[PDB]
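A quick write-up on the structure given underneath.
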RNA sequence: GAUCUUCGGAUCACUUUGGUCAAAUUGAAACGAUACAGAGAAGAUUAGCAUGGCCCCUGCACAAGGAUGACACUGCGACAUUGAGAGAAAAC
Ligand SMILES: [K+]
Ligand SMILES: [Mg+2]
Ligand SMILES: [Mg+2]
Ligand SMILES: [Zn+2]
Ligand SMILES: [Zn+2]
Ligand SMILES: [Zn+2]
């Protein structure tokens, strides 16, 4: 992950996108230090929000705007700059707007069911349209 | 929303919330100190190992320690009364 000045220089397209990745890390540090105003699980939601945003930024760079070479993209996935499994989910139908991977796994629920944000809202009552407890997601359904 | 399909639709995904319990006087324990006595075996000083269980404490412990850890160590009536006398009463 962390890179030293004596390390192998990253591929050619890295320096154009270095500052925004540094800024992502800056907000991650801010979220780490910021404390309070939530339950034991609620305070840990912005972490997943920012992680999804960064991985989505890299995925957008490669697969929709083609602004980076495949070598640099593979390097970024190797250096944990982006979540490989999350992108793998984004690449298949039905999961285009997946929030995180804890809201898809059924072994982490009480009754072996995916999270509430995964249900399309057309099949969901108005009262139970809430923010996900895992990450604060407000609807992952591709339809929505 | 993506994919086809022929503009009828079909696919792809589908119900979260570990809860000694709501932001700490009034539902997570156990006591400081001062004041009283104030250290087992029939004189006196004192080794200990036990017995009993709604007494525990330290310990990983079925070792061992905590004053021999402490408290306790007693005591009574499935006695039948007649053996007799005396004054009374009721009775040989
Ligand atoms: K002694
Ligand atoms: Mg002893
Ligand atoms: Mg004893
Ligand atoms: Zn999620
Ligand atoms: Zn969720
Ligand atoms: Zn979600």
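Numbering (PDB author numbering), first residue to last: 3 to 146. Virtual Cβ for every residue (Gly too), placed ideally from N, Cα, C.
What would DSSP say about residue i, mapped onto helix, strand or coil?
| i | result |
| --- | --- |
| residue 48 | helix |
| residue 103 | coil |
| residue 11 | coil |
| residue 72 | helix |
| residue 108 | helix |
| residue 146 | coil |
| residue 59 | helix |
With respect to the alpha helix (DSSP H) encompassing residue i, which residues constitute its N-terminal and C-terminal limits?
| i | result |
| --- | --- |
| residue 131 | First-last for residue 131: undefined, no H or E at that position. |
| residue 26 | 16–35 |
| residue 90 | 86–92 |
Taking the CB atoms as reference points, tell me whether residue i and residue j lie closer together than 8 Å.
| i | j | result |
| --- | --- | --- |
| residue 79 | residue 103 | no |
| residue 142 | residue 99 | yes |
| residue 120 | residue 105 | yes |
Hey, residue i and residue j are a contact pair by Cβ (cut 8 Å); roughly how many whole angstroms apart?
| i | j | result |
| --- | --- | --- |
| residue 15 | residue 57 | Going by Cβ atoms, the distance from residue 15 to residue 57 rounds to 17 Å, so no, they are not a contact pair. |
| residue 77 | residue 13 | 6 Å |
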